[PDB]
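1. so I've got this experimental structure, pasted below with the sequence.
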Amino acid sequence: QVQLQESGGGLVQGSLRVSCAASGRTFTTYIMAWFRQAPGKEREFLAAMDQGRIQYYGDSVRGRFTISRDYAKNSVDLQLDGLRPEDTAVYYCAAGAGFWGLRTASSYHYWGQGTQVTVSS
Amino acid sequence: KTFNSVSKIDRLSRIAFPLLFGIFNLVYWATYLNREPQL
Ligand SMILES: CCCCCCCC(=O)OC[C@H](COP(=O)(O)O[C@@H]1[C@H](O)[C@H](O)[C@@H](OP(=O)(O)O)[C@H](OP(=O)(O)O)[C@H]1O)OC(=O)CCCCCCC
């Protein structure tokens, strides 16, 4: 069974790092991306990394978040800096080939269970 | 002088093999064709 294990802290007052390791399928040739889901909002694209170490970032989180891929251990990491309170949300990790996408959730077939993140003021 | 009767294996295979092939074709095409993403 294909499965994407997400890991990272849940609460912060700040910087954070969230990792996403794949298993059961090598995604070295796939595009690995991150999405955000706040309470009462649709899925928003955060960042993506391609086979060629090429990075794409969303405008709302451009210059703050940093995406990296370790191909050896088959994982994608997202480093979050300069958090502000309305960034609280559940973060999903996805992997897939971008058809009609690279920014749309519908183009990805693999998704993680999601990790909650909250910022306290 | 007796003669061999019609084989019941062949009789039921005449209805089985085309039926299984048609069912397999239906499942294969249905599960594979409508697979690409759409806008
Ligand atoms: C597709 C499978 C469907 C299975 C349907 C199975 C349906 C089933 O009941 O068995 C049929 C088969 C015999 O096949 P078949 O119908 O051709 O044999 C006739 C008849 O069944 C008797 O064996 C004979 O009468 P008797 O004995 O001399 O009095 C008769 O002799 P005669 O008329 O010439 O005088 C034979 O013509 O028997 C097995 O060994 C099963 C092997 C199953 C292995 C299956 C491996 C796939």
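-> Looks like it arrived, so ask away. Numbers count the residues shown, from 1 in each chain, chains lettered A, B, ... in the order given.

2. going forward, measure contacts between C-alpha atoms and count neighbours the same way
-> Fine.

3. near the ligand, which residues of chain B show up?
-> Residues of chain B lying close to the ligand (Cα under 6 Å from any ligand atom) are B:4, B:5, B:7, B:8, B:9, B:13.

4. widest-spaced pair of these?
-> B:4 and B:13 (17.9 Å; Cα to Cα).

5. of those two, which one has the most company?
-> residue B:13 (13 against 5; other Cα atoms under 10 Å in any protein chain shown).

6. so what's residue A:11 closest to, chain neighbours aside?
-> What sits nearest to residue A:11 in space, not counting adjacent residues and going by Cα to Cα, 6 or more residues apart in numbering or on different chains, is residue A:118, at 4.9 Å.

7. what is the helix or strand containing residue B:10 packed up against?
-> Following DSSP states H and E, one finds residue B:10 within helix B:8-33. Contacts defined by 3 or more Cα pairs under 8 Å, 6 or more residues apart in numbering or on different chains; DSSP states H and E place helix B:8-33 against no helix or strand at all.

8. now it, how far from the chain's geometric center?
-> 1 Å (Cα atoms, centre = their mean, to the nearest Å).

9. would you agree the residue nearest to residue A:11 is in contact with residue A:88?
-> Yes - counting by Cα atoms under 8 Å, residue A:118 touches residue A:88, with 4.5 Å between them.

10. relative to chain B, how far out is residue A:52?
-> Distance, residue A:52 to chain B, using Cα to the nearest Cα, to the nearest Å: 24 Å.

11. tell me which element that residue is part of?
-> Residue A:52 belongs to no helix or strand, assigned by DSSP H and E.

12. how about the contacts made by it?
-> Contact partners of residue A:52, counting by Cα atoms under 8 Å, 6 or more residues apart in numbering or on different chains, are absent.

13. which among the residues of chain B next to the ligand gets closest to chain A?
-> Distance ranking of the residues of chain B next to the ligand against chain A, using Cα to the nearest Cα, places residue B:13 first at 36.8 Å.

14. show me the contacts for the residue lying closest to residue A:2 once chain neighbours are set aside.
-> Once flanking residues are discounted, residue A:2 sits nearest to residue A:24: 5.0 Å by Cα to Cα, 6+ apart. Neighbouring residues of residue A:24 by Cα under 8 Å, 6+ apart: A:1, A:2, A:3.
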